[PDB]
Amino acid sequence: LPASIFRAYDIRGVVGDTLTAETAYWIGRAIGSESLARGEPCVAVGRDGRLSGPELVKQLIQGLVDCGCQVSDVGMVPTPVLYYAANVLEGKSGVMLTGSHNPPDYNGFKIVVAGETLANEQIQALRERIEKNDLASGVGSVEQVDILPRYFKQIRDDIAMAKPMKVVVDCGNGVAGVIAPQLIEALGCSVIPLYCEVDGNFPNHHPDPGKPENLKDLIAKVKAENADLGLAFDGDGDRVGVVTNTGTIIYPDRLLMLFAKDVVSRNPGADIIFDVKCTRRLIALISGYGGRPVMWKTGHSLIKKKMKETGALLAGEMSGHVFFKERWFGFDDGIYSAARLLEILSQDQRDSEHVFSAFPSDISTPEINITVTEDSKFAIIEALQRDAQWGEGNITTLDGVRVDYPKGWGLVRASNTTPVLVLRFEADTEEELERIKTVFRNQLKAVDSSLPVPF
């Protein structure tokens, strides 16, 4: 199999190119073998609404069965519903067949084995099992499990909306359409659906709420319908995007401020995790409410591992993966997070625009991406970590280099999903924003004067 599909957080490829039915089978065999090695014969399997789902999921299941595993086939569900299954069924292992927010032809595997979400060397270990034929053999079984109603009920029973809300819900023709509009209605909302038909061709916009262009239709509908809030889900439902009644995009780091206040209010001293892409304003906010802010690496699998390490009750990423442990299970879930948000907003007499505008804000850049090579991106970062000079500030090298100054911050890191360098800048004035950008531009140039600096 191609090595390129085995990434830091999960397995991801293009069907008909780097991913085939045969690939899914052997990946199934590798996951089954690892699960068995960890004492777990029971594995849940889910798939999103992609065109290739039916073909690949059958092979993934057969690979697991051929290890001797007992598979629980939960059918077509959002990613968090698969994670849910791997928390409430007999087994603590689960595999989700998903291409996340990517174009129609993409697919992949998100993997939990004996409670732990695999990343880094563990994903490489799967690749290595297949190369070595270090694989279990046995006569397993498959049982169909209808888990969506249990998930639905578990959320509905945990949430208490104080007053009715009107909410536009954009599923991007992804799999969140199987539950999100129905569940949000059941919580006590009027729901205006947008692109909620599950359609793996994604004929409307990419199901990627992290890009403002993909929220354009949502913003317009919120305004046209006088809605209280707009919500968007990514293709597999583990990311959420948020729009106020006035059409303001609420980025996930600011969403996390509202959630952090909520969680810490009931859990003094709770650890709250956020990734290196999130606003410095989060650090002060969590600390002020008596929480312990923990900055960590970008990447859903890595955040999940850190949750376990720290006992954190809540985590969030700038990309919109939000992880509730309090009242929940600790995995990322856009649908649950949407429910938690609606609960909080419903208990405030103010509109969603004013609830969010109350929090301090910096001036933030849109994300900067610089295309480099897959085989040079980590070396550029290593070079910066070795050689760079940042002036006076708090320097963090846990993921790339982030520097926090008195009045702003900057970040450069390697993407683990694309051959690019990712940069973020934010400051409380335009002047400071430019000063920080200049520092970073000069440090990049000092490593390699030929690097593009599109900022």
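Rigid core here is just the name for the largest C-alpha set that superposes within 1.5 Å across the two forms. Quick note: we count residues from 1 along the sequence shown, nothing fancier.
Of the two stretches examined, 384-392 and 62-70, the one with higher mean CA deviation in 5 other deposited structures of this protein after a rigid core fit is 384-392. Displacement analysis by core superposition in 5 other deposited structures of this protein ranks 365-373 above the other of 130-138 and 365-373 in root-mean-square C-alpha distance from the shown form. A summary of the deposited B-factors shows that, of 212-220 and 77-85, the stretch with the larger mean C-alpha value is 212-220. The mean C-alpha temperature factor is higher for 365-373 when 316-324 and 365-373 are set side by side. Residues shown: 343, 332, 253, 185. Highest C-alpha temperature factor in the entry: 185. Taking the PDB entry at face value, the top CA B factor among 339, 381, 96, 178 belongs to 178. When all modelled residues of the chain are sorted by CA temperature factor, residue 207 is found within the highest third. Per the deposited record, the Cα B-factor of residue 268 falls in the middle third when ranked against the other modelled residues of its chain. Split the chain's modelled residues into thirds by C-alpha temperature factor. Residue 399 is in the middle one.
Sorting the modelled residues of the chain by their CA temperature factor places residue 35 in the lowest third. In the PDB entry, a CA B factor belonging to the highest third of its chain's modelled residues is recorded for residue 407.
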